[PDB]
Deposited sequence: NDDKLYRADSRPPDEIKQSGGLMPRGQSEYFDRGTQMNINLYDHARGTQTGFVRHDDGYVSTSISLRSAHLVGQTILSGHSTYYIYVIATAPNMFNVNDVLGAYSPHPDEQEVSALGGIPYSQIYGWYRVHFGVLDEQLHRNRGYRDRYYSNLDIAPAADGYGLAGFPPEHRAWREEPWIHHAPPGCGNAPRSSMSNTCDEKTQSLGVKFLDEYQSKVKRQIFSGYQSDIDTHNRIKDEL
């Protein structure tokens, strides 16, 4: 459906265009390796950014929620942005995947495996010196019909990517026990890495198809 997610970020829309989206730490381009771990990502301390370490960038379920987290982290900024983001299968309810071991349950946050591509970003509010601006700038790269026909990933697709250490009791409990990568509970850390790499490969295939087919829809054969 057409639900949105929200994220405060210091990086302006100029930089996001060039980066192919809002990236994780260390990732420079969307389609360009790096640790991909959901458990390590949600535990990570926020140092000037809303959580974007270990392969994921984090979001908020509402505008109000994104703005309060933006004032805890990026209060110093004379100009930061709140990005409006479409829900899609690159995205994961962190409280549902990690379950009882969700590090910050009150935050109610949703994290994109591999960053949020540019075309998934609906738009952005500017936030001049603490104050949210009413006007919503709309991203030209956004594709409403595509992303309004997609939702977040279900927790069932995320239980195997949860990324707990092999000695963690989560792997011998439900629902994670039936989804454990070989070597986890009863080579785990390398097997969750490679499952995360394949997941991002197959999601990247899906956004390339939508965006790069749009770019080649001008072709006319009959004119030589």
>> Should a student be asked to find the unmodelled regions, what ranges of the deposited sequence would be the right answer here?
In response: 33-35, 190-197, 236-240
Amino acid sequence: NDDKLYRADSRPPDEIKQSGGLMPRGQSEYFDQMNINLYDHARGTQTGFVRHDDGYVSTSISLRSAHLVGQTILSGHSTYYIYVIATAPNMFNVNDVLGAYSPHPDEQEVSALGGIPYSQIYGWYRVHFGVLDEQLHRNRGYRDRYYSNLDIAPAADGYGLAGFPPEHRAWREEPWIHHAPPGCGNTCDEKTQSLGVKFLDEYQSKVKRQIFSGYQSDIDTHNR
From here on, numbers count along this sequence of modelled residues.
> Looking at the deposited entry, does 204-212 or 13-21 carry the larger mean Cα B-factor?
Replying inline: 13-21
> Quick one: higher average CA temperature factor, 99-107 or 84-92?
Replying inline: 99-107
> C-alpha B factor of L74, ranked within the chain: lowest, middle or highest third?
Replying inline: highest
> Taking the entry's C-alpha B-factors for this chain, is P166 in the lowest, middle or highest third?
Replying inline: highest
>> Ranking the modelled residues of this chain by C-alpha B-factor as given in the entry, is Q135 in the lowest, middle or highest third?
In response: highest
> Would the CA B-factor of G183 place it in the lowest, middle or highest third of its chain?
Replying inline: highest
> Compared with the other modelled residues in the chain, in which third is the CA B-factor of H128?
Replying inline: highest
